[PDB]
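A.B. asks: Can you read through this structure? Questions will come right after.
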Amino acid sequence: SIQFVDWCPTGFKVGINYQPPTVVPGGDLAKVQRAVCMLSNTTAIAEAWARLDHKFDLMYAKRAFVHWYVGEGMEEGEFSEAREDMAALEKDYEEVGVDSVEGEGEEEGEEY
Amino acid sequence: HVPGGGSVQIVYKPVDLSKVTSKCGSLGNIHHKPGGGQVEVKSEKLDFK
Numbered sequence: 340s341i342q343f344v345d346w347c348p349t350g351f352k353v354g355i356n357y358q359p360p361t362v363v364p365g366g367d368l369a370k371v372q373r374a375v376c377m378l379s380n381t382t383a384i385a386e387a388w389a390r391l392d393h394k395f396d397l398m399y400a401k402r403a404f405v406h407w408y409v410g411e412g413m414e415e416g417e418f419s420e421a422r423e424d425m426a427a428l429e430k431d432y433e434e435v436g437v438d439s440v441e442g443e444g445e446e447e448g449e450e451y
Numbered sequence: 616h617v618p619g620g621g622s623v624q625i626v627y628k629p630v631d632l633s634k635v636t637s638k639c640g641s642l643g644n645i646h647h648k649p650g651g652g653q654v655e656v657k658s659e660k661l662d663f664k
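Residue numbers (full-length UniProt numbering), protein chains in the order written: chain A, 340 to 451; chain B, 616 to 664.
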């Protein structure tokens, strides 16, 4: 139900450390015993970038603010390449969203 | 004897105005320059080869 890619069931690495956390005091303290932290790669990051990308499309189409950046060491062709690779990266987090096709049960037939 | 004098004529020049130019500023200028030309600035080239 916690949705995960079907083609990485090995989806976890793990680490267990004996030393408990410290709180930096600045309030009442919880009496902590054990804690958890986590790093996760996901396609929700595509949901984040979907706007920041269209914001670069709107800004750059209107050429808004581009004379501050250019004046201070840049050329418009650099704003194009950056966005072009960010359009490749848009397809990259969609390719890791592909429910992949089955390969089982394909054969050549017999030579005579 | 004819008795003396008894005749004058009036010291009189009528008044008029000539070459009084209507030089008021009421239509004093005619010159113009447009407030710039029409241009497009809102669109990207999208030149991804």
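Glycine is no exception: its CB is placed at the ideal position from the N, C-alpha and C atoms.
Let's test the definition: count the other Cβ atoms within 10 Å of the Cβ of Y451 (chain A) and tell me whether it reaches 16, buried, or not, exposed.
C.D. replies: Label assigned to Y451 (chain A): exposed.
A.B. asks: At 8 Å on the CB atoms, spell out the chain D contacts of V656 (chain B), in chain order.
C.D. replies: Of the chains in the structure shown, none is chain D; the protein chains are A and B.
A.B. asks: For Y399 (chain A), is the classification buried or exposed, using 16 other Cβ atoms within 10 angstroms of its Cβ as the cut-off for buried?
C.D. replies: It counts as buried.
A.B. asks: If we ignore side chains and look at the alpha-carbon of each, how far apart do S379 (chain A) and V435 (chain A) end up?
C.D. replies: One C-alpha to the other measures close to 14 Å.
A.B. asks: Taking 8 Å as the threshold (C-beta atoms), are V362 (chain A) and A369 (chain A) in contact?
C.D. replies: A contact, by the Cβ cut-off of 8 Å.
A.B. asks: Could you round the C-beta distance between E420 (chain A) and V405 (chain A) to whole angstroms and report it? I think they count as a contact, below 8 Å.
C.D. replies: Not confirmed; about 15 Å, so no contact.
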